[PDB]
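Student: Take a look at the following structure, please.
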Amino acid sequence: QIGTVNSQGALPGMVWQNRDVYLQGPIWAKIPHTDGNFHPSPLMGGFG
Amino acid sequence: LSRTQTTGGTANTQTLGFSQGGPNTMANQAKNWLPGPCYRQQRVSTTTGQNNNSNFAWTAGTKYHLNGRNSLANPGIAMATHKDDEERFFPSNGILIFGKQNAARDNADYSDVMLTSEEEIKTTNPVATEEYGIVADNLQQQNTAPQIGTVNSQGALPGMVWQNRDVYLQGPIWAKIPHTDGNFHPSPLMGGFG
Amino acid sequence: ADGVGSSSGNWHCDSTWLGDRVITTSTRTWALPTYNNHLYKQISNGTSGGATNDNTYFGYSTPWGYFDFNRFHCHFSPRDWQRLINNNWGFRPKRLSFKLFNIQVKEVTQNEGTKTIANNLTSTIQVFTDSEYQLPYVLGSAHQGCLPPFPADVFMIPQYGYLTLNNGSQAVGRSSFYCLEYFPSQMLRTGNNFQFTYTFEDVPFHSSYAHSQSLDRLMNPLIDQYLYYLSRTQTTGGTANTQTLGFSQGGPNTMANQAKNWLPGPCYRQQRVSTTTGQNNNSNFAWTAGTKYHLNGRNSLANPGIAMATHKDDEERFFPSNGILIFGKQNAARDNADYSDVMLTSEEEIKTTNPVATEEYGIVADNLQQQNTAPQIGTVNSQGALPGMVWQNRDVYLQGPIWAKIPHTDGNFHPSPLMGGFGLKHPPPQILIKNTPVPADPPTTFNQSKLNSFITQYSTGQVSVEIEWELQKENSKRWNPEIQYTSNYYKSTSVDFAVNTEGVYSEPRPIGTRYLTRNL
Amino acid sequence: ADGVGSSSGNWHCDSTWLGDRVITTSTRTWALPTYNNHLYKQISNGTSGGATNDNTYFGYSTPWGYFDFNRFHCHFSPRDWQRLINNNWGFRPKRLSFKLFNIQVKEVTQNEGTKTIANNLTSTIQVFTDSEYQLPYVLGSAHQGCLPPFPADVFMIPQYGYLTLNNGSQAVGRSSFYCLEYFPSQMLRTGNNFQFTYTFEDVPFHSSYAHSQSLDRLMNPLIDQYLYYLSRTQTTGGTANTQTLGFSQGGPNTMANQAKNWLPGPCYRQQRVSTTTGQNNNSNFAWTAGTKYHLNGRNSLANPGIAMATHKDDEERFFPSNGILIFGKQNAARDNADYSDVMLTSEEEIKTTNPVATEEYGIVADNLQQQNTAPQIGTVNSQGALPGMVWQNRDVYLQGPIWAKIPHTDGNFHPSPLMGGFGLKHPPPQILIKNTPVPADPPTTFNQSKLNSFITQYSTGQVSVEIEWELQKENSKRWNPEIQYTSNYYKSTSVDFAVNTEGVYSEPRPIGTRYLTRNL
Amino acid sequence: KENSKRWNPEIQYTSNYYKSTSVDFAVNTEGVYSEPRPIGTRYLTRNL
Amino acid sequence: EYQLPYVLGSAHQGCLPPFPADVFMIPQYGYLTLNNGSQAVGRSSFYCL
Amino acid sequence: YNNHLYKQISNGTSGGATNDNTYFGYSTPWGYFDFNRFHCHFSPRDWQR
Amino acid sequence: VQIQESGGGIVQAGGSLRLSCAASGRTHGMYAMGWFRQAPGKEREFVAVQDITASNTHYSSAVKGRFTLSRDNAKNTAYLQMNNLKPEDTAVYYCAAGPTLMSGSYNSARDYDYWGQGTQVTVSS
């Protein structure tokens, strides 16, 4: 029997690209000040 | 928390009770670290009479899905090949397999190939053919009994530690890390130096 | 010089607050007994005795003992802990000193029923530090036997032991045996002393603060977004109600719908328990419903697990089953202690950035909808790291641990110890101590068997530890007053954090670090 | 300074691997008792008691004792021995240091039935080394009483004694008596220590390797020789078969016939015994069939004798009667121990260069043949050195001895000790130690008889020994992998070379040095 | 380099002692080189 | 460095000829290692030149 | 030699050789120079001198 | 590692009784061998103990001056001889063994690994 993976967190060996930026879109965001974060690139796009 | 119910003659009502972890309960003690990630593989025996009678290598295989294509995760992330005294079992697409000299290109017999074993990393890494663990499904209450669920794939959690796959004299040395915005622990999955 | 009649050190208990630094120093009196009658012993546990497979082990107990100061109340008085947590955004350890001095070896002889004790002036103790990390490191498991919180108490030194690989109760070829006499060691008579220094590696400040914002509230409440979201898939009208697409901008009245930059941290879901017992299911579910991980055929509880919020708003009666730290009250039983005998911590502050331990992380899509099939969703009960997650670590307590050793591995993810505190690749080294064996009179004809006939001995002395801590000052522009840790004003039979009529020191409650606030 | 309350040394157990050198250091705890009630005694054994003439002796036992570290497990842990034998073609000793420190003298008094023990702070011990080799040298006989292999064990010091010339149980005019108080000696109270250093003389490296060729196979297998051998003395034909001479060249199919440059080493033939007992003759032949030498009317077993191969191929169940070293397993009986209680070594590696201990060396001619008389041959059961012989020494073991003293004589031949190890003309000196006698109260009227009324005493302390060893690195171009010494992979109740549940250390098997290979 | 204080002996990779028709990691009668088994790197041990 | 089996010194054919005008063939190199019957043993060595 | 190959060679009792003549070894593609006889270096007149 | 009792019996007051004990294997064990007794409805009491070399020996106060403890390493056995018996010496005697002898702790039961089945000794007047 098999099962379907609908959400998957980071595995060793993954590679990915960030979302693209647009002329109408945002440039930067402030990285929240926290104990930990993972790949702090803002999800709407641009520079963390 | 060691006890949710009274142990007694008849009633057996709700209670809370607590114990310290010690030499005879190690499974219950508080710990600092977690085992590494898991992506579960199907188990195959080298004693063939123990396998299901059907051709499942592709249809039961462990796969990833990219742009409408299915590709086997071969060998995949580093996991222990089997647990103790289980050596006859291996993950379906989860190990490196070399050939013996003069082995055929297609449909070679088991006696013509050599199977590697990642058995050493069993200390830090989950076994490729079992679940990572158990979590809670629901909210229990006086009306509803508690339910659990099985974790067959688990990404990185804070506190995980793990080992990489081993390297072999017959095997590869390096790989090129793809040029991308992000990656996680770029150690090549067939083994060697990224 | 150092001799029988001179003391080799002084009593130092003090704290000094200087600028951005605080220095603590503690002295205690210890007693060390001979363990295992000077022997090494193989120890194991297996199913044959009736233990479950989950509890099996193989290892060795040693004649040695070790010093442990890995709890914060070793270094801080309750008032000092108040100074720290009310005034500072963070702190970390910098360096330490250790001293061992004023050593007394005593011999005890048994005759008939009477027991007598005398000095033995020529006996030694042996001491070494494992500076190269060549021994199994058993600090960082939260064991009993640290220096006592109260400086007048005299404590016993715990026995050193370790585990190696097992299969059931048997060992395997990879199992390791260690002899601790195989290291260099310093020998001390009653006039000698011992000391060393250590420097901590760079580590991030512990965050002692709560966030005053939540991750889903970071927007300006007065303004609309320029982005759009899908607000309507169906026409709202008199009768038909056909398919349509419609779109809206996110604004003050729909914050749940707005576009955001960040995600909450990871989740591994725990079962919920109430302190009002009539609300719990009637059954014994602590183990069978517990949250577990699975390693080499063994099941182990994830205890406490990853940092998650203990409960949501107005839920304080609920806690995760194995998901919190639980301390004991003084004179609490070892087994089956009642709820009134223990103290439950709460991680409630990190509720701003972290999911609550007893709920799902969220919802995803199961299927592909279409005209023929309605859409289906599914519940996410465990979620690993996603790009864009932020999270807080578990808090530290005055009763709790300070550091742990990061295991030596190819890879790790965010190596902050799950019981709390500072992860270190080169932690403070472990310190081993033993009484040197003294034979009882041998036979007068030679015999090759090892002598196992000894004079009973124990030793006592003083130990000092000094740690320097770096502080991170609070910079806030907040106008209104903060929450502070404070003692109660009202009258009571006893004083909190003092001795009682019988002389017994106790700690009334656990005290965390997070009082001051900071913007998210 | 050195006083009652300060320690005079530290515990050193370590090994350091540096380039071509390894340095071992060991520390143990010892107990020394008073021997012979402070007396010298004549000892002898003679036929009158019922001993055979072969066992008679005459000698003296002394009040003194001595230190002995002449076994390899004194200096090497089992893991260190593995590092040595898997990586190196040879090794030899270079220099040593010795220390004696932290000394405690105790007095024991007997009253009614109860026994009590106290310190005596003013008593001494005496220590000296015999650097000029003026005493009978009893090291090198493989006696019990060396430092223990396991560093946590406490050992008793053995009593010194020696033999001189005898006739039956009587002495002769040439017999020598020695008083050990007649040397200079150092006296130590509880604050004193003792040390010295020693340098080994040049000695050949022990060969730790087996040959990958055999002495009769050194030829090129593809080519003929240009020499000839007598291949035929008679015509091969229909009927007559008369005398003839015929000659052939040696080649690939006749290697037994080819001309060669070298001969196998010497032989002194041993009787063969099987570990499958039903294959042995039914009789008690251990002494009566034993291999012996004969000196001054006494018979002595040649045990182990000269180095010979233990068995040939596929013969492993056989061994020479007195021709091998045999160790005991832990708790093996002193007398009549069963085969399962002992461990038999095997010299099987030297089978390439050395004759097998249980076969003849070869064949020679007895007579002069002629037309009248057919030729006769004879079997060579013992063969001394011939020009052109080459041979290997016996191997060394982790449980076995290190050096022996070469007797001082006009001549010797290849002075390598037959039990194995390094022959030395100036070995490490023997170290003598004694408790100084303390009189009980004398009478108050003078009496000339020597005082023989003493206070019972014993002493304890620590001893350190440090040896530097030189290594010879392996240079091989062999393509395929070597044989290595390794631990077993499979699971077991206990770990090999560790303590058990009771605390007892044991050594499961003997371990030799020969794993790597080398061309002949 | 390996720094261990382990007292008992390690597992090592070793060739087999017993006799056989061919030598492992050599040529055969026909001249063909072969590799009998895969060989990993993990033999020595280390504390976790 | 004397790392190969040394097959000189067995008095084989194939040395330079005594008479200087003769032209000679070079002999083929080979060697032996340990055997048991026709089988090899674990100590047997293989060399690639 | 050997068409550029290394070859395992052996001889055993199975073929009918006696135990005294058994061997195991390898032949190589290489060859070697040998001047280990005195007539390589000396003419008969020189040997007389 | 079995300890085995022998020599049990019933005796009139003043007689000389002899208890014996044997073991099997681990002569690198059985370093210390001794005796305890538990009278009817009463606490187990240490009686005697002696080590391998016979250097160190201890007797209980009640026991002293009446019992003697001896040992034979060859047979791997130990004997207890008993003289001038009093009926309060009715008890169940256990042979007991351990790897070590300590000067402070020898009279505690915590220090013995192995225990026999026991013997019943009766003493009447």
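Identifiers in the structure tokens: chain A, B, ... in order shown; residue index from 1 per chain; ligand index from 1 in order shown.
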Would you list which chain D residues are within 8 Å of chain E using only C-alpha atoms, as JSON, numbers by chain?
Tutor: {"D": [77, 78, 79, 82, 479, 480, 481, 482, 483, 484, 485, 486, 487, 488, 489, 496, 497, 498]}
Student: If we count only C-alpha atoms, which residues of chain C reach to within 8 Å of chain H? Please list them as JSON, numbers by chain.
Tutor: {"C": [37, 108, 109, 110, 112, 113, 115, 440, 441, 442, 443, 447, 449, 452, 453, 454, 455, 456]}
Student: Report as a list in words: the residues of chain B with a DSSP assignment of helix (DSSP H, G or I), based on the backbone of this structure.
Tutor: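 Here are the helix (DSSP H, G or I) residues of chain B: residues 48, 49, 50, 110, 111, 112, 119, 120, 121, 122 and 123 of chain B.
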Student: Could you pull the residues within 8 Å of residue 275 (chain C), counting only C-alpha atoms, minus those fewer than 6 positions along the same chain, as a PyMOL selection string?
Tutor: (chain B and resi 16) or (chain C and resi 317-318)
Student: Atoms to include: N, CA, C and O atoms. Write the selected residues as a PDB file, in the first residue's frame.
Tutor:
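Saved the output as result-v2.pdb:
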```pdb
ATOM      1  N   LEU B  16      -4.657  12.011  37.804  1.00  0.00           N
ATOM      2  CA  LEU B  16      -3.358  12.367  37.261  1.00  0.00           C
ATOM      3  C   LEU B  16      -2.263  11.885  38.195  1.00  0.00           C
ATOM      4  O   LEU B  16      -2.338  12.092  39.404  1.00  0.00           O
TER       5      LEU B  16
ATOM      6  N   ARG C 317      -6.068  25.409  31.700  1.00  0.00           N
ATOM      7  CA  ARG C 317      -6.213  24.107  32.334  1.00  0.00           C
ATOM      8  C   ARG C 317      -5.703  22.951  31.479  1.00  0.00           C
ATOM      9  O   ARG C 317      -5.657  21.825  31.971  1.00  0.00           O
ATOM     10  N   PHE C 318      -5.322  23.184  30.233  1.00  0.00           N
ATOM     11  CA  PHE C 318      -4.881  22.112  29.357  1.00  0.00           C
ATOM     12  C   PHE C 318      -3.374  22.142  29.174  1.00  0.00           C
ATOM     13  O   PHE C 318      -2.755  23.205  29.176  1.00  0.00           O
TER      14      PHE C 318
END
```
Student: So what do you get for CA of residue 345 (chain C) versus CA of residue 395 (chain C), distance-wise?
Tutor: 9.5 Å
Student: I'd like the neighbourhood of residue 10 (chain A) as a ChimeraX atom specification, where a residue qualifies if any of its atoms comes within 6 Å (using only C-alpha atoms), though same-chain residues fewer than 2 positions away should be ignored.
Tutor: /B:155-156 /C:385
Student: Keeping only N, CA, C and O atoms, write those residues as a CSV table (one decimal), in the first residue's frame.
Tutor:
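Output (selection_33.csv):
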```
chain,number,residue,atom,x,y,z
B,155,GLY,N,9.8,16.0,7.6
B,155,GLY,CA,10.8,17.0,7.3
B,155,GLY,C,11.5,17.5,8.5
B,155,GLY,O,11.2,17.1,9.6
B,156,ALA,N,12.4,18.4,8.3
B,156,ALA,CA,13.3,18.8,9.4
B,156,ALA,C,12.6,19.4,10.6
B,156,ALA,O,11.8,20.3,10.4
C,385,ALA,N,10.2,21.9,8.4
C,385,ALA,CA,10.6,23.2,8.0
C,385,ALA,C,10.1,23.7,6.7
C,385,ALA,O,10.4,23.0,5.7
```
Student: Show me, as a PyMOL selection string, every residue of chain D with an atom at most 8 Å from chain C, counting only C-alpha atoms.
Tutor: chain D and resi 1+3-7+9-14+31-36+102+104+108+114+119+144-145+151-159+190+458+460+487-495+498-503
Student: Just the selected residues (N, CA and C atoms), exported as a short mmCIF file (atom, residue, chain, number, x, y, z; two decimals), in the first residue's frame, please.
Tutor:
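That gives us part31.cif:
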```cif
data_model
loop_
_atom_site.label_atom_id
_atom_site.label_comp_id
_atom_site.auth_asym_id
_atom_site.auth_seq_id
_atom_site.Cartn_x
_atom_site.Cartn_y
_atom_site.Cartn_z
N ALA D 1 57.67 21.22 49.13
CA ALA D 1 58.45 20.14 49.71
C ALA D 1 57.64 18.86 49.75
N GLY D 3 56.03 15.99 52.26
CA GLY D 3 55.61 15.86 53.64
C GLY D 3 54.45 14.91 53.73
N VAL D 4 53.91 14.79 54.94
CA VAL D 4 52.83 13.84 55.19
C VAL D 4 51.60 14.18 54.36
N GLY D 5 51.34 15.46 54.13
CA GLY D 5 50.11 15.90 53.53
C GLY D 5 50.16 16.26 52.07
N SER D 6 51.26 16.00 51.39
CA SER D 6 51.35 16.26 49.97
C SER D 6 51.60 14.96 49.23
N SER D 7 51.11 14.88 48.00
CA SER D 7 51.34 13.70 47.19
C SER D 7 52.64 13.85 46.41
N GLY D 9 53.40 12.05 43.58
CA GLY D 9 53.32 11.80 42.15
C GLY D 9 51.88 11.76 41.68
N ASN D 10 51.73 11.65 40.37
CA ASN D 10 50.44 11.66 39.70
C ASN D 10 50.23 10.37 38.92
N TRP D 11 48.99 10.11 38.56
CA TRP D 11 48.62 8.90 37.84
C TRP D 11 48.81 9.12 36.34
N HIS D 12 49.68 8.33 35.72
CA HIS D 12 49.92 8.41 34.28
C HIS D 12 49.62 7.08 33.62
N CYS D 13 48.54 6.99 32.87
CA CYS D 13 48.30 5.87 31.97
C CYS D 13 47.91 6.47 30.63
N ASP D 14 48.74 6.24 29.62
CA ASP D 14 48.48 6.87 28.34
C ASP D 14 49.29 6.14 27.28
N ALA D 31 50.60 -3.67 46.75
CA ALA D 31 50.61 -3.92 48.18
C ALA D 31 51.83 -4.80 48.46
N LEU D 32 52.64 -4.43 49.45
CA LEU D 32 53.81 -5.24 49.78
C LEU D 32 53.77 -5.73 51.22
N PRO D 33 53.83 -7.05 51.40
CA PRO D 33 53.81 -7.72 52.70
C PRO D 33 55.20 -8.11 53.16
N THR D 34 55.35 -8.37 54.45
CA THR D 34 56.62 -8.85 54.97
C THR D 34 56.76 -10.33 54.69
N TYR D 35 57.87 -10.72 54.07
CA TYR D 35 58.10 -12.11 53.74
C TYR D 35 59.08 -12.76 54.71
N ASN D 36 58.82 -14.02 55.02
CA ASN D 36 59.68 -14.86 55.85
C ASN D 36 59.89 -14.32 57.24
N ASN D 102 53.90 7.83 46.45
CA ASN D 102 52.71 7.83 47.31
C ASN D 102 52.65 6.61 48.21
N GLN D 104 52.63 4.33 51.62
CA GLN D 104 51.91 4.25 52.88
C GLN D 104 52.34 2.99 53.61
N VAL D 108 49.60 -3.56 61.80
CA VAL D 108 48.44 -4.37 62.16
C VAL D 108 48.76 -5.11 63.45
N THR D 114 40.08 -9.83 67.51
CA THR D 114 39.91 -8.68 66.64
C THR D 114 41.25 -8.18 66.10
N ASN D 119 47.95 3.68 60.58
CA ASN D 119 49.13 4.22 59.93
C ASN D 119 50.33 4.18 60.85
N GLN D 144 54.52 -15.66 37.49
CA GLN D 144 53.40 -14.84 37.89
C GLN D 144 53.88 -13.66 38.71
N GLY D 145 53.05 -12.64 38.81
CA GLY D 145 53.36 -11.50 39.63
C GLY D 145 53.76 -10.24 38.91
N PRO D 151 44.11 -1.83 34.33
CA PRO D 151 44.71 -0.80 35.18
C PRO D 151 44.04 -0.59 36.52
N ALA D 152 42.82 -1.03 36.72
CA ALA D 152 42.16 -0.80 37.99
C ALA D 152 42.47 -1.86 39.04
N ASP D 153 43.14 -2.93 38.69
CA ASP D 153 43.41 -4.00 39.64
C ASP D 153 44.62 -3.69 40.51
N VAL D 154 44.56 -4.17 41.75
CA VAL D 154 45.62 -3.98 42.73
C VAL D 154 46.32 -5.31 42.92
N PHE D 155 47.64 -5.31 42.84
CA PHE D 155 48.38 -6.56 42.82
C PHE D 155 49.36 -6.65 43.98
N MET D 156 49.65 -7.88 44.35
CA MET D 156 50.62 -8.23 45.36
C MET D 156 52.00 -8.36 44.73
N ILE D 157 53.02 -7.92 45.45
CA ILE D 157 54.39 -8.01 44.98
C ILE D 157 54.98 -9.38 45.32
N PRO D 158 55.63 -10.05 44.38
CA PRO D 158 56.14 -11.40 44.62
C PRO D 158 57.45 -11.42 45.41
N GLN D 159 57.68 -12.55 46.06
CA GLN D 159 58.86 -12.74 46.90
C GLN D 159 60.06 -13.17 46.07
N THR D 190 56.90 8.19 54.10
CA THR D 190 55.67 8.37 53.35
C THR D 190 55.69 9.59 52.44
N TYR D 458 52.83 -3.79 56.58
CA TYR D 458 52.81 -3.92 55.14
C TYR D 458 52.75 -2.52 54.56
N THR D 460 51.87 0.00 50.80
CA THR D 460 51.16 0.16 49.54
C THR D 460 51.64 1.44 48.87
N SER D 487 37.85 -7.56 15.84
CA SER D 487 36.83 -8.09 16.73
C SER D 487 35.67 -8.67 15.93
N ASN D 488 34.93 -9.55 16.58
CA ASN D 488 33.79 -10.18 15.95
C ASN D 488 32.61 -9.22 15.86
N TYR D 489 31.85 -9.37 14.79
CA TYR D 489 30.72 -8.48 14.55
C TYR D 489 29.47 -8.89 15.32
N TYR D 490 29.28 -10.19 15.52
CA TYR D 490 28.02 -10.74 15.99
C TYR D 490 27.80 -10.47 17.48
N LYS D 491 26.55 -10.55 17.90
CA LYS D 491 26.17 -10.23 19.27
C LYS D 491 26.60 -11.33 20.24
N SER D 492 26.79 -10.94 21.50
CA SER D 492 27.27 -11.86 22.52
C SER D 492 26.89 -11.36 23.90
N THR D 493 26.97 -12.26 24.87
CA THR D 493 26.58 -11.95 26.24
C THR D 493 27.52 -10.94 26.88
N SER D 494 28.79 -10.97 26.54
CA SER D 494 29.77 -10.08 27.12
C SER D 494 30.61 -9.49 26.00
N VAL D 495 31.39 -8.47 26.33
CA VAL D 495 32.32 -7.86 25.40
C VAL D 495 33.70 -8.45 25.64
N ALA D 498 36.84 -7.07 28.38
CA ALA D 498 36.16 -6.17 29.29
C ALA D 498 35.88 -6.92 30.58
N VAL D 499 35.25 -6.22 31.51
CA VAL D 499 34.81 -6.85 32.75
C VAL D 499 33.46 -7.52 32.54
N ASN D 500 33.16 -8.48 33.39
CA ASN D 500 31.86 -9.13 33.38
C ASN D 500 30.94 -8.51 34.44
N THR D 501 29.80 -9.15 34.65
CA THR D 501 28.84 -8.70 35.65
C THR D 501 29.43 -8.69 37.06
N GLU D 502 30.41 -9.54 37.33
CA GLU D 502 31.01 -9.62 38.64
C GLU D 502 32.18 -8.67 38.84
N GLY D 503 32.67 -8.05 37.78
CA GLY D 503 33.79 -7.16 37.89
C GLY D 503 35.13 -7.74 37.49
#
```
Student: Name all residues at most 8 Å from residue 40 (chain E) (count only C-alpha atoms; drop same-chain ones fewer than 2 positions away) and give them as a list in words.
Tutor: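 The contact residues come out as residues 166, 167, 168 and 169 of chain B; 38 and 42 of chain E.
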Student: Keeping only C-alpha atoms, write the selected residues to a file as a compact mmCIF listing (two decimals), in the first residue's frame.
Tutor:
```txt
# COMPACT_ATOMS: atom_id res chain seq x y z
CA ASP B 166 28.46 6.06 3.29
CA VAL B 167 30.93 6.05 0.40
CA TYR B 168 32.25 2.96 -1.35
CA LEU B 169 35.38 2.04 -3.23
CA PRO E 38 31.50 -3.52 -2.03
CA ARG E 42 32.81 2.75 8.49
```
Student: Please identify all polymer residues within 7 Å of residue 32 (chain G), counting only C-alpha atoms, omitting same-chain residues fewer than 3 positions from it, and present them as a PyMOL selection string.
Tutor: chain F and resi 26-29
Student: Give me, as a list in words, all polymer residues having an atom no more than 10 Å from residue 32 (chain A), counting only C-alpha atoms and skipping those fewer than 3 positions away in the same chain.
Tutor: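 Final neighbour list, sorted by chain and number: residues 29, 35, 36, 37, 40 and 48 of chain A; 215, 218, 262, 353, 389, 390, 391, 519 and 520 of chain C.
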Student: I'd like a table as JSON lines: residues in chain F with an atom no more than 7 Å from chain E, each row giving the shortest atom pair and its distance in Å to one decimal, only C-alpha atoms counted, sorted by chain and rising residue number.
Tutor:
```
{"residue": "F:39", "atom": "CA", "partner": "E:21", "partner_atom": "CA", "distance": 4.9}
{"residue": "F:40", "atom": "CA", "partner": "E:20", "partner_atom": "CA", "distance": 5.6}
{"residue": "F:41", "atom": "CA", "partner": "E:19", "partner_atom": "CA", "distance": 4.2}
{"residue": "F:42", "atom": "CA", "partner": "E:17", "partner_atom": "CA", "distance": 4.4}
{"residue": "F:46", "atom": "CA", "partner": "E:26", "partner_atom": "CA", "distance": 6.4}
```
Student: Store the residues picked out above, limited to N, CA, C and O atoms, as a PDB file, in the first residue's frame.
Tutor:
```
ATOM      1  N   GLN F  39      44.868 -24.363  -4.930  1.00  0.00           N
ATOM      2  CA  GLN F  39      44.170 -23.193  -4.430  1.00  0.00           C
ATOM      3  C   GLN F  39      45.111 -22.209  -3.747  1.00  0.00           C
ATOM      4  O   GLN F  39      46.189 -22.559  -3.281  1.00  0.00           O
ATOM      5  N   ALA F  40      44.679 -20.957  -3.697  1.00  0.00           N
ATOM      6  CA  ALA F  40      45.362 -19.929  -2.934  1.00  0.00           C
ATOM      7  C   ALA F  40      44.816 -19.846  -1.508  1.00  0.00           C
ATOM      8  O   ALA F  40      43.837 -20.493  -1.147  1.00  0.00           O
ATOM      9  N   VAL F  41      45.433 -18.993  -0.700  1.00  0.00           N
ATOM     10  CA  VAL F  41      45.043 -18.767   0.681  1.00  0.00           C
ATOM     11  C   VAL F  41      44.960 -17.270   0.913  1.00  0.00           C
ATOM     12  O   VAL F  41      45.368 -16.466   0.081  1.00  0.00           O
ATOM     13  N   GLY F  42      44.420 -16.906   2.067  1.00  0.00           N
ATOM     14  CA  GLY F  42      44.244 -15.504   2.385  1.00  0.00           C
ATOM     15  C   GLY F  42      45.522 -14.698   2.385  1.00  0.00           C
ATOM     16  O   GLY F  42      45.499 -13.506   2.091  1.00  0.00           O
ATOM     17  N   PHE F  46      48.857 -10.664  -4.708  1.00  0.00           N
ATOM     18  CA  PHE F  46      48.823 -10.339  -6.117  1.00  0.00           C
ATOM     19  C   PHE F  46      49.514  -9.000  -6.335  1.00  0.00           C
ATOM     20  O   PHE F  46      49.393  -8.092  -5.517  1.00  0.00           O
TER      21      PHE F  46
END
```
Student: Go through chain E residue by residue and, counting only C-alpha atoms, keep those with an atom at most 10 Å from chain B; for each kept residue give the shortest atom pair and its distance in Å to one decimal, ordered by chain and increasing number, as CSV.
Tutor:
```
residue,atom,partner,partner_atom,distance
E:32,CA,B:101,CA,8.8
E:33,CA,B:101,CA,8.3
E:34,CA,B:101,CA,6.0
E:35,CA,B:100,CA,7.3
E:36,CA,B:100,CA,7.2
E:37,CA,B:114,CA,6.7
E:38,CA,B:168,CA,6.6
E:39,CA,B:168,CA,5.5
E:40,CA,B:168,CA,4.5
E:41,CA,B:167,CA,6.4
E:42,CA,B:166,CA,7.5
E:43,CA,B:120,CA,9.2
E:48,CA,B:124,CA,8.8
```
Student: Residues of chain G that approach chain D to 12 Å or less, counting only C-alpha atoms: could you list each one with the shortest pair of atoms and its distance in Å to one decimal, rows by chain and increasing residue number, as a Markdown table?
Tutor:
```
| residue | atom | partner | partner_atom | distance |
| --- | --- | --- | --- | --- |
| G:1 | CA | D:222 | CA | 11.5 |
| G:2 | CA | D:222 | CA | 11.8 |
| G:7 | CA | D:222 | CA | 11.8 |
| G:8 | CA | D:221 | CA | 11.4 |
| G:9 | CA | D:221 | CA | 8.8 |
| G:10 | CA | D:221 | CA | 9.4 |
| G:11 | CA | D:253 | CA | 8.2 |
| G:12 | CA | D:253 | CA | 10.4 |
| G:13 | CA | D:253 | CA | 11.8 |
| G:15 | CA | D:253 | CA | 11.4 |
| G:16 | CA | D:253 | CA | 11.1 |
| G:17 | CA | D:253 | CA | 8.1 |
| G:18 | CA | D:254 | CA | 9.7 |
| G:19 | CA | D:256 | CA | 9.7 |
| G:20 | CA | D:256 | CA | 6.0 |
| G:21 | CA | D:255 | CA | 5.6 |
| G:22 | CA | D:255 | CA | 8.3 |
| G:23 | CA | D:217 | CA | 7.8 |
| G:24 | CA | D:221 | CA | 9.2 |
| G:25 | CA | D:221 | CA | 7.9 |
| G:26 | CA | D:221 | CA | 8.4 |
| G:27 | CA | D:222 | CA | 7.4 |
| G:28 | CA | D:222 | CA | 9.9 |
| G:29 | CA | D:222 | CA | 11.9 |
| G:31 | CA | D:222 | CA | 11.1 |
| G:32 | CA | D:220 | CA | 11.3 |
| G:37 | CA | D:226 | CA | 10.7 |
```
Student: May I have the residues of chain D within 6 Å of chain F, counting only C-alpha atoms, written as a PyMOL selection string?
Tutor: chain D and resi 212-213+219-220+224-226+478-479
Student: Find the residue from G:34, G:41, G:47, G:4 that sits nearest to chain F; use only C-alpha atoms when measuring.
Tutor: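 When distances to chain F are compared using only C-alpha atoms, the smallest one comes from G:34.
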Student: From the DSSP assignment of the backbone, select every residue of region 47-94 of chain H that is strand (DSSP E), and format the answer as a PyMOL selection string.
Tutor: chain H and resi 47-50+57-59+67-72+77-82+91-94
